[PDB]
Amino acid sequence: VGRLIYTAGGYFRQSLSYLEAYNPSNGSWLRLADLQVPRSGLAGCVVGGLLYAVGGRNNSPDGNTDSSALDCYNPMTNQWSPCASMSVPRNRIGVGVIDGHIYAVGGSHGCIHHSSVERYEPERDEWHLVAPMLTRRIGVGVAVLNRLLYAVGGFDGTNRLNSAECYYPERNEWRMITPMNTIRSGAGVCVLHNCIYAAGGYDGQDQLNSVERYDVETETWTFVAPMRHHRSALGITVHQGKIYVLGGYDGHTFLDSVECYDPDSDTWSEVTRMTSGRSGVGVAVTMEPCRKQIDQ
């Protein structure tokens, strides 16, 4: 919960250190403190008003390194601090938060595709491994609804997946759910009201503009209006009852486009542009900081 849409890292020619924040209320962008280490394919999440950047990879000319890092950004100080690292590097990770605890899901390390899952306890600054998923998944979308964690699509190393599964923390156990109608790796996955949305992604042939949503009560996936741009490795968040998708790759260009989905009207609209095109960002929402620089 909060007021700005923060976008951390990403990729354009090489992995990026940018931390920028968009204010839907006035259309303004702020540049904040860079990440300590560039990273794309990371996830962002917020707990207790702090922004966490999780996993990813630094794709650079001086060497490509998969990240096990968990770093914390304090909007009150405009500073990043390192937290305890995960058990393993996880590029193209998915992350969700249940009851103040951060779940790191899947992702890759070199040629290995993780089924493993681990949980962060901020109060103790400690990671612990939980039950692994039923399927190895990288480029996996993750969202939380009703204190259950969902892992949606991805890539197992051989095929892009339409499959999805759901984790019950009290049983430390994953269960398959209805697969999506479309195979999607690198989709934006997020929750709006009673529904898990999976927007865009790559089906192994094309970047996608289609968007489908899972109703947890009916156990079905239904397509809604498609986005204006096909995009994979997009950033996604929810703010005041609307979905926002940020950047991505459309098979031609690294997008700067930010689109807003209104569920009331079932329409996607262009709302703003990032200061530069990029894919594989981590995105989350929290309170405004105090001493940034406004982007002209």
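In this text, residue numbers run from 1 along the sequence as written.
Enquirer: Decide which of the stretches 56-64 and 241-249 has the higher mean C-alpha B-factor, going by the entry.
Expert: Averaging CA B-factors over each stretch, the winner is 56-64.
Enquirer: Would you determine, from the values in the PDB entry, which of 264-272 and 229-237 has the greater average C-alpha temperature factor?
Expert: Between 264-272 and 229-237, it is 264-272 that shows the higher mean C-alpha B-factor.
Enquirer: Which of these, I112, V224, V140, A199, has its C-alpha atom at the highest B-factor, as the entry lists it?
Expert: Most elevated C-alpha B-factor of the set, per the entry: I112.
Enquirer: By its CA B factor, does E217 count among the lowest, middle or highest third of the modelled residues in the chain?
Expert: Highest third, going by the recorded CA B-factors of the chain.
Enquirer: Splitting the chain's C-alpha B-factors into thirds, which one does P38 fall into?
Expert: It belongs to the middle third of the chain when residues are ordered by C-alpha B-factor.
Enquirer: Sorting by Cα B-factor within the chain, modelled residues only, which third would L145 end up in: lowest, middle or highest?
Expert: Middle third of the chain for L145's C-alpha B-factor.
Enquirer: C290: which third of its chain by C-alpha temperature factor?
Expert: Highest third - that is where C290 ends up once the chain's C-alpha B-factors are sorted.
Enquirer: Sort the modelled residues of this chain by their C-alpha B factor and say whether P82 lands in the lowest, middle or highest third.
Expert: CA B-factor rank for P82: highest third.
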